[PDB]
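Each remark here refers to the structure printed beneath this line.
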Amino acid sequence: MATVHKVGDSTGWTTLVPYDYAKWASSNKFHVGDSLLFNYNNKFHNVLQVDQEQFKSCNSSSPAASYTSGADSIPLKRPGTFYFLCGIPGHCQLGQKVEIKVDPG
Amino acid sequence: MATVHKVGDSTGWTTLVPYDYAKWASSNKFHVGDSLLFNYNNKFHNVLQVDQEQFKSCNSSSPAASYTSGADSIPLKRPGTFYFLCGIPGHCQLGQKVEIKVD
Amino acid sequence: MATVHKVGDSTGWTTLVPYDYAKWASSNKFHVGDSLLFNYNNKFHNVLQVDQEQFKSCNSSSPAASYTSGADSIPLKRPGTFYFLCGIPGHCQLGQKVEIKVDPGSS
Amino acid sequence: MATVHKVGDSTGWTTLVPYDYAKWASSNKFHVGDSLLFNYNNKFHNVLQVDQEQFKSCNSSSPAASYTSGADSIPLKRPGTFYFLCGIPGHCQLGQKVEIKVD
Ligand SMILES: [Cu+]
Ligand SMILES: [Cu+]
Ligand SMILES: [Cu+]
Ligand SMILES: [Cu+]
């Protein structure tokens, strides 16, 4: 049985207050088959999949994938590092971004 | 021996033709541990889990979960009745919705 | 052989003047594997795939598929009748809609 | 006499990882009568045929043709050099473009 990981737990995907999404990620163990659930007010944020370089620079100008439901379920079908961030101007820079490590050795 | 239930069989999840999803669900036996597989053109459809009220009114404004892979594998780990519909404008009203009773 | 059918030929997809897209379709023979090419100014029109009911009523509120490139290539992979129309308010009603018959049994 | 060239092989048409499409094209021999197959998640990418100038500048403003099926089968019926790129903002600049020399 796979696992659905709620990003930020009860806090969800937000910029309201500082939230260490890196620590949230490290408190979780991601396996192939699992999924991510991003809960947020879709009138304020979105979820964009980017690469390492874009993630580090909070570059949201050319995302690989985009989600805007406010309750996005995202599949983790292959091992590796995935990166997600909110593309609204200034949000990623305030910490709204998360690195997901799926089945590392 | 879990079972994967392919929603709409080969027809999949669409509005191209009328398709009786209720009848499809009835031709299936859902048990805890099983899963649902929604195959569709993800550029034009989506899969949203909603509550009974939203399902009836075809309300896709506050989904419990939104799937957009085009090949969504959704687990059935709890007994009860669950509802899914496509949130694309008017699709649910065209019949793209399905009630799933587990156990 | 797979053929790309240019909707409206040199006239393209437009509402500028009346254009009988039904006669354009009739002048063509659609076979599985073929495709349609819709040429238009994407700042003015779009291409929406709908069902028979919507086609007849020019209802563009719930299309099955949508295209907005101005040079849309659309695949015809299975036999049957497909319907397309421009969803911009009033355009379909002025004639911007086309019925595509793919590999029908009879003429 | 007739070959289907799967763009990017199993990797397909994407920006998820750097992928050398130029090298892929070079590992292939295109002859009139062949075809190109672009496999991708059609919710996030597209395939546009453009001219040399637009290809170089990654200009997707006026494509000769736009494919969005996620499994586009594009015929190569004429010898010469043709250009394709994904028009999604910034994808072409990330390397999602391919030059095809036929015959
Ligand atoms: Cu945000
Ligand atoms: Cu839909
Ligand atoms: Cu129009
Ligand atoms: Cu792309």
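Residue positions begin at 1 at the first shown residue.
According to its header, the structure was obtained by X-ray crystallography, 1.9 Å.
Cβ atoms are placed via backbone N, Cα and C, with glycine included.
Per Swiss-Prot, the features are:
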type: BINDING; residues: B:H45, B:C86, B:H91, B:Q96; note: Cu cation binding site
type: DISULFID; residues: B:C58-B:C92; note: disulfide bond
type: CARBOHYD; residues: B:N59; note: N-linked glycosylation site
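Everything Swiss-Prot records as a feature, shown here on the structure.
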residue: B:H45; record: Cu cation binding site; contacts (Cβ under 8 Å, 6+ apart): B:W13, B:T14, B:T15, B:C86, B:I88, B:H91, B:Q96
residue: B:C58; record: disulfide bond; contacts (Cβ under 8 Å, 6+ apart): B:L85, B:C92, B:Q93, B:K97
residue: B:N59; record: N-linked glycosylation site; contacts (Cβ under 8 Å, 6+ apart): B:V50, B:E53
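For ligand 2, the nearby recorded positions are B:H45, B:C86, B:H91, B:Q96; that is, of B:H45, B:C58, B:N59, B:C86, B:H91, B:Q96, these have a C-beta under 6 Å from one of its atoms. Counting every protein chain shown, the Cβ of B:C92 (disulfide bond) has 23 other Cβ atoms within 10 Å.
Compute the center of the Cβ atoms of B:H45, B:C86, B:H91, B:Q96, which mark the site for Cu cation; besides them, the chain residues with Cβ within 8 Å of that center are B:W13, B:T14, B:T15, B:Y40, B:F44, B:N46, B:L85, B:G87, B:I88, B:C92, B:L94, B:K97.
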